[PDB]
Each structure stands twice: as structure tokens, then as C-alpha cells.
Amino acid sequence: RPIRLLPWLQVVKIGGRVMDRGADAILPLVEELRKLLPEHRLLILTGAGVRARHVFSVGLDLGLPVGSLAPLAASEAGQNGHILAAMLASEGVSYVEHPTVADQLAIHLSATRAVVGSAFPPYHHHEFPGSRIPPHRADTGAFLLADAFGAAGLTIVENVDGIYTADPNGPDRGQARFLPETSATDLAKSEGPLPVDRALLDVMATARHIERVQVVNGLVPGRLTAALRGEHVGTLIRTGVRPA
């Protein structure tokens, strides 16, 4: 079993769709993050959201392979990262690049209370083939990073209360029942659209350290705070790892 590199870190991930809603969604989130800074040691990673779907539509209409589309989607997570870091700047927060997240994080989190980054991994041209939509997205990149460091946990912040039996906004919106708890394997065999990457379920199988990830709604304040204390406010996804 490997060692935990930063066992005291809490890695949070802020959906790209949450950011797309503007100040109304974000400003309650910053005020909540300013509250969390003294309580935890936080690496906050942003997803990409709709703008990445625009690069895909354009990039897809031009025929570009998935490996060209991956770095262009990761660019938006970088843009969502720059915004959240900027609103938190006066609290000592700044956005850091992949190489600093990879190498210098422990120094920079020793300097300040938190930092911001892109959840997207630097797969850029080496992204896997088979799908025309890059398999490894923010959700997948944030877990991979949390699970290497040995962090205390990864929390996924989205615009829906959790995981449902189907897109709760989609065509079946009425027929969707909430799943307060689920396993990565049960999710990997059930089909339909998900708030998380199918690649998150694949990476969780090789997970050495992190035994759970909670998907909470960042549009309801206090759920992030409570999730980070272990209170059950959303969907608990078990990774199939045992503690010890």
C-alpha cells in the first residue's frame, strides 16, 4: 500500500456548470469558501462546463480528434479556476498551474490556506481513443489527484442535490428518484447520463486511499461545509476501499 503524501488535505471540486450560473451561484460559494479557509487545508479544482461543450461542438464540426479536444476543454477549467481564485484573492488565494499543483503544492499550501486549479488532467494529446468526447474530465482528474496525494477526501460540488436514477432536469425529470448512497460499481453498470464521468468510476477501482466521495449541491449553502465535516447532505459514492 502506498503512503499518503498530503494526508491532511481536503480536495474539493467545483463543477463547471455551477460557475456558468454567474454571480448568483458563485458569490454565495466564495463567501462559504472564505468561511472554510481557516478550518481545512484545501485544494479547490474547477470543472469546465458549457463553454467546453462549445469548443466540442465547434471542434467536432471541424473533425478534430478527441486528443485535440481534451486540451481545449481543460482550458476552460483553467478559466473557471482563474475566476474563483480572483474573487478569493484578498484572502490569499491564487490559481496555480498543473506543474505547481504537481510539484510545489505542499509549499504553496504551507504559504497560504488554499489554492485553485483545473481539475482536468494534463492528458493533452495522449487522451485515450474510443470516445470522441475526452474520457478524463474534471471529476476524473480531481479524484486522480486526490487519490495520489492521500488526501482525507474528495468532495464534488454540483447544481443538483446528488445522483438520481436519470438526469433530474432531463426528459425523465419527473421519474427520477434520488440515490442517497451508491457504489462506484453499481454506478458503472447502470446506464444513463450522470453528473460524473464514467471515467471517475474506472479510476475509483484502482483507488488506493480514498474510500468515499460525496456529490453535494453547491447551490444550497452550507452543504459543502457540512459535507467536509462528514455530515451526509448528498450522495455518498463508495469507492470500494477499506480503512486500514
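In case it trips you up, residue 1 is the first one in the sequence shown, and so on.
Trainee: Would 189-197 or 204-212 have the larger average of its C-alpha temperature factors, as given in the entry?
Mentor: Result: 189-197.
Trainee: Can you tell me whether 158-166 has a higher mean C-alpha B factor than 81-89 in this record, or the other way round?
Mentor: According to the PDB entry, the answer is 158-166.
Trainee: Which is it among 117, 99, 134, 150: the one with the largest CA B-factor in the entry?
Mentor: Comparing C-alpha B-factors across 117, 99, 134, 150, the maximum falls on 150.
Trainee: Select lowest, middle or highest to describe the third in which the CA B-factor of residue 108 falls within its chain in this entry.
Mentor: For residue 108, whose C-alpha B-factor we compare with every modelled residue in the chain, the answer is the lowest third.
Trainee: Taking only the Cα B-factors deposited for this chain, tell me whether residue 6 sits in the lowest, middle or highest third.
Mentor: Ranked within chain, residue 6 CA B lands in the lowest tercile.
Trainee: Should residue 139 be placed in the lowest, middle or highest third of its chain by the C-alpha B factor in the entry?
Mentor: Within its chain, residue 139 is a lowest-third residue by C-alpha B-factor, going by the deposited values.
Trainee: Comparing against every modelled residue in the chain, figure out the third that the C-alpha B-factor of residue 68 lands in (lowest, middle or highest).
Mentor: Middle third of the chain for residue 68's C-alpha B-factor.
Trainee: Residue 180: which third of its chain by C-alpha temperature factor?
Mentor: Highest third - that is where residue 180 ends up once the chain's C-alpha B-factors are sorted.
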